[PDB]
Each structure stands twice: as structure tokens, then as C-alpha cells.
Amino acid sequence: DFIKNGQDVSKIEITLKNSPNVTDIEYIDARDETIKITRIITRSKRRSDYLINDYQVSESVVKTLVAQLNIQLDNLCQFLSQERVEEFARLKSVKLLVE
Amino acid sequence: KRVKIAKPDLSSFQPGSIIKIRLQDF
Amino acid sequence: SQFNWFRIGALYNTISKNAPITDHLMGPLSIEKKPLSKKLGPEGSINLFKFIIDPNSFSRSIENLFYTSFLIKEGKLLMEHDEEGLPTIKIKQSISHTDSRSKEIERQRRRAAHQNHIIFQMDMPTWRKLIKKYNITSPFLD
């Protein structure tokens with residue numbers, strides 16, 4: 022769905038502020054203030070390859086960066102989707118205690 | 536003079552925020 | 117509850133502020149219902165054969181590989197052949213292109229080219245062999 026019908030590669034680029042509190046970064050200094058993360062989806066290739074300041078990396082590096090930015094995708098608090106909205110709709114006190 | 540877009544200076548923006556997003560071939 | 121909170125209140129709203137005051141009786145009560153490499157410089161190159169060995173420590177080779185390790189993730193590292201016919205260690209510039217796919221095109225270009233893995237670069241016999249001729253070898257990074 023993301024890939025344009027006909028085009029081989031679909032590209033998203035996202036730029037964030039950088040601070041000297043996150044490790045395992047490529048090409049980017051701690052004093053630098055720019056983190057550029059690029060995701061490309063193509064039909065022919067089936068692998069998890071991301072880009073950090075336009076440098077190819079495995080998804081593990083970007084995942085551990087996301088972990089070190091105190092932001093989480095699986096957790097429902099940081100990200101809310103339709104299924105997650107439905108799950109919050111019928112929410113028990115035990116789930117509140119768990120969170 | 537020639538029109539210049541606002542400078543995406545990340546220092547002014549709060550840490551962890553996003554200034555410019557590029558969407559290609561969607 | 118010790119100070120005159122009325123005398124100040126009496127001075128205000130009367131001497132100053134000229135504010136109209138009205139009782140406004142309860143008239144509506146009675147409503148009628150109406151019914152990372154900043155310091156380094158690129159151009160220098162040297163053999164790698166004692167770039168790895170340090171009389172002090174064996175792990176010196178690993179930190180030499182650590183220089184490659186920062187470049188392993190994207191794979192930009194490529195060392196060029198000298199007279200011996202094998203790649204030679206040298207420093208790499210920071211490189212940048214226009215868009216995120218342009219550099220990607222760059223990396224798969226280098227993968228397409230011939231790769232320098234015919235012989236593992238660090239091997240025991242030749243390092244001693246070069247020591248005997250000119251005693252140069254030596255590391256450029258430490």
C-alpha cells in the first residue's frame with residue numbers, strides 16, 4: 022500500500038533533534054543536532070534496511086536508537102491506533118495497575 | 536529578492552521534534 | 117484576621133476606580149406569569165602490516181578493525197591496492213549526496229565492483245617478511 026503503484030521504491034525521511042545522550046549512531050556526532058532517519062519500501066527486496074543520515078543500517082540500530090530516545094512503538098501509551106483505541110475503550114482496573 | 540523557505544533550525548525546535556518530512560513515491 | 121480588610125476596601129471602589137455599585141434586587145424572583153572523524157585527514161596511506169601488531173597489546177588490531185567497524189554498518193570502507201597488489205589502509209572523507217537514495221545508489225555501486233576478500237588482509241608470514249627488508253611497517257593510527 023505504501024509503495025506507489027508502478028514505482029519501485031517508496032521513501033520516507035524524518036529529521037529529529039539530536040542530543041549527546043544516545044549511543045550507536047552512524048556518521049552523526051554527539052554535539053550534532055540532526056538525526057535523519059529514512060525508510061524505503063520496495064517490492065523486489067524483502068529485508069529491513071533503514072538509513073541514518075543517509076547511511077544504510079539494519080533495523081536493529083534504528084530500533085535501539087528508538088529505545089534510547091525513551092519512545093516506544095509497541096506500548097499503547099506512546100502510540101494510539103484504532104485497535105488500541107478499542108482496547109482502551111473497555112479497560113479494567115487491573116490494566117491500569119499493570120501500566 | 537528570491538523567496539527563501541523558513542530555515543529548519545533544529546536548535547529552536549524542542550528536542551525529539553520533527554521540522555520537515557519528505558514523502559516520495561506514495 | 118488582624119488587619120483592616122474593610123478600610124482598604126472602603127478606600128477602593130469609592131475614592132478611586134469610579135465603579136458603579138448597585139444592589140440589583142431579586143426582581144426576577146417575582147416574575148409575572150402573564151395569564152566522528154573530525155581530526156583525521158584522508159590523503160595519507162601506509163601498509164597495514166604493523167598497523168595491527170603492537171608490542172604492547174594484541175588487541176591493537178581490534179581497534180584498527182574498530183576504525184572499520186564504524187564503516188562496516190554502511191560498508192563505505194574500501195582500501196586501495198598498492199604495489200604489493202593488496203589493499204592499503206587510508207583515511208576516508210565524510211561524503212554526502214543529494215537525497216537518501218543517491219547515497220544508497222553509491223553503496224551498491226561499490227558492492228558491484230570487485231571486492232578485496234581474496235586473502236584476509238592480516239596474515240602472519242608476510243609481516244615478518246617485510247620487517248626483514250626495510251623494517252618500516254608501522255601503524256599510522258594509535
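These protein sequence lines are chains A, R and B, in that order. In case it helps, the working numbering puts the first sequence at residues 22 to 120. In case it helps, the working numbering puts the second sequence at residues 536 to 561. In case it helps, the working numbering puts the third sequence at residues 117 to 258. Idealized CB from N, CA, C, for every residue including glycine.
Practice item. Round the Cβ separation of A:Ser69 and A:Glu80 to the nearest angstrom and send it over; I've been treating them as touching at under 8 Å. Key: 4 Å
Closest to A:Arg52 by C-alpha separation, out of A:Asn39, A:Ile62 and A:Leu112, would be which residue? A:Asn39
| message | Measuring only the C-alpha atoms, how far is A:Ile61 from A:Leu86? | response | 18 Å
(request) Quick one: grab the DSSP three-state call for B:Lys192. (result) coil
* Extent of the continuous beta strand (DSSP E) run through B:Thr204 -> Where B:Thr204 is concerned, the enclosing beta strand (DSSP E) stretches over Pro203 to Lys206.
DSSP state of B:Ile124, grouped into three classes?
Residue state, collapsed to three classes: helix.
- Task: Note down the Cα distance separating A:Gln99 from A:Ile46, rounded to an integer number of angstroms.
- Result: 23 Å
How big is the Cα-Cα spacing for B:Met238 and B:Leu164? 8 Å
Going by DSSP in three states, A:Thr55 sits in which element: helix, strand or coil? In the structure shown, A:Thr55 falls within a strand segment according to DSSP collapsed to helix, strand and coil.
query = So what does DSSP say about R:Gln559, is it helix, strand or coil?
reply = strand
* Can you say whether B:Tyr128 is buried or exposed, counting buried as having 16 or more other CB atoms within 10 angstroms of its CB? => Exposed, since its Cβ has fewer than 16 Cβ neighbours within 10 Å.
Practice problem: Enumerate in chain order the residues of its own chain whose CB-to-CB distance from A:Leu90 is below 6 Å, with the five nearest sequence positions on each side excluded. | Solution: Counting only Cβ-Cβ distances below 6 Å, and skipping sequence neighbours, we find nothing.
inquiry  = Here's the rule I'm using: 16 or more other beta-carbon atoms within 10 Å means buried, otherwise exposed. How should A:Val78 be labelled?
reply    = Counting other Cβ atoms within 10 Å of its Cβ, A:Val78 reaches 16 or more and is therefore classed as buried.
| task | Kindly indicate if chain R contains any beta-carbon less than 8 Å away from that of A:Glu80. | result | With respect to chain R, the C-beta atom of A:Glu80 has no partner C-beta closer than 8 Å.
Worksheet entry | C-beta contact flag for B:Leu202 and B:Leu193 at 8 Å | no
* Find the residues of chain B that neighbour A:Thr59, judging by a C-beta separation of less than 7 Å, and give them in chain order. => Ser216
Practice item. Could you work out which residues of chain A lie near R:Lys555, taking near to mean beta carbons separated by less than 7 Å? Key: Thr36
TODO: Decide yes or no for the touch test of the segment 543–555 of chain R against the segment 22–40 of chain A: beta carbon pairs closer than 8 Å, at least 3 of them.
DONE: yes
Exercise. Quick one: what does DSSP say B:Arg223 is sitting in, helix, strand or coil?
Worked result: Looking at B:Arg223 - three-state DSSP - the assignment turns out to be helix.
Exercise for review: Please compile the residues from chain R whose C-beta is within a distance smaller than 8 Å of the C-beta of A:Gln28.
Suggested key: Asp560
*asked:* If you reduce the DSSP assignment to three classes, tell me which class B:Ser161 lands in.
replied: strand
(Q) At a CB distance below 8 Å, what residues from the segment 200–213 of chain B approach chain A? Give them in sequence order. (A) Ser210, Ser212 and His213
Could you have a look at A:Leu94 and say whether DSSP puts it in helix, strand or coil?
-> coil
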